[PDB]
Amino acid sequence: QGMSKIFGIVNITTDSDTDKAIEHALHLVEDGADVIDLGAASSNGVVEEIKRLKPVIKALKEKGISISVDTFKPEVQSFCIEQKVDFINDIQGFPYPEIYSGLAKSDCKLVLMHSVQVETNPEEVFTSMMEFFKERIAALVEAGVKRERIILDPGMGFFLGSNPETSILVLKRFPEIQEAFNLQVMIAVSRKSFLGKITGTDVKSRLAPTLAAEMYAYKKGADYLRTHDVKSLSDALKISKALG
């Protein structure tokens, strides 16, 4: 029942020049987003990724906008280390110990996401997820990163396997991750394919299956939420809180 901070998804490439992604990043802030999750990915490339970030990064910092960057490459990550973005989203969970001490000299909060790319007993995935967090958080702490800087993401959708039951189990049991490590947790359900396998609808185009899962996560204590339609979630969270 805690107020969740919204993460606005802005993809730099599919929106673009830089201005179409910039104006998409301020319209979401004008809609109730606390942090803008910047993504700039194409096909097949470190300089190409960074070149699209620099104009959007410092433009949002010129207006005091908290920025999250979705990158799994350490060279792109070390760039975000010294640009001093407020968040750095890694869908791989920092598996390369090269930049470990590099992440300790910084202060940007780290987001530790877990995935399991093939046979899914849905609870066995949860247990190994508990052990994955226990080993990766410790090694990050041993490298100098403060424990108060890690945010856990249990993964969702195709990051948990083609089985929709796996994503349902984690959506019901993510409070257990909250109290086992005493740390914040973000849930990302927006337009993920497994929502269509439950309702039989055209995902990526239907907001309501998506909205129902984000309110459920908010009502169970999710600290952060990652979505596309921000003004829809912002109004869903305003109604949900005022309604008791």
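Just count from 1 along the sequence shown to find any residue number.
Participant: Does the entry skip any residues of the deposited sequence between residue 117 and residue 118, and if so, is it 1 to 3, 4 to 9, or 10 or more, or none at all?
Facilitator: Unresolved stretch here: 4 to 9 residues.
Participant: On mean C-alpha B-factor from the PDB entry, just flag whether 155-163 or 100-108 is the higher one.
Facilitator: Higher mean C-alpha B-factor in the PDB entry: 100-108.
Participant: Output the stretch having the higher mean C-alpha B factor in the entry; the candidates are 19-27 and 5-13.
Facilitator: 19-27 has the higher mean C-alpha B-factor.
Participant: For the listed residues 203, 187, 69, 212, which one has the largest C-alpha B-factor as given in the deposited model?
Facilitator: Within the set 203, 187, 69, 212, 203 shows the top C-alpha B-factor.
Participant: Of 197, 192, 52, 219, which one's C-alpha B factor is largest in the deposited record?
Facilitator: Among 197, 192, 52, 219, the PDB entry lists the largest C-alpha B-factor for 52.
Participant: For the chain shown, is the CA B-factor of residue 64 in the lowest, middle or highest third of its modelled residues?
Facilitator: Within its chain, residue 64 is a highest-third residue by C-alpha B-factor, going by the deposited values.
Participant: What third of its chain, lowest, middle or highest, does the C-alpha temperature factor of residue 168 fall into?
Facilitator: Ranked within chain, residue 168 CA B lands in the lowest tercile.
Participant: Determine, from the deposited record, the chain-internal third of the Cα B-factor for residue 46: lowest, middle or highest.
Facilitator: Highest third of the chain for residue 46's C-alpha B-factor.
Participant: According to the PDB entry, is the CA B factor of residue 129 in the bottom, middle or top third of its chain, that is, lowest, middle or highest?
Facilitator: Residue 129: CA B-factor falls in the lowest third of its chain.
Participant: How does the C-alpha B factor of residue 35 compare with the rest of the chain: lowest, middle or highest third?
Facilitator: Its C-alpha B-factor, which the entry lists for residue 35, ranks in the middle third among residues of this chain.
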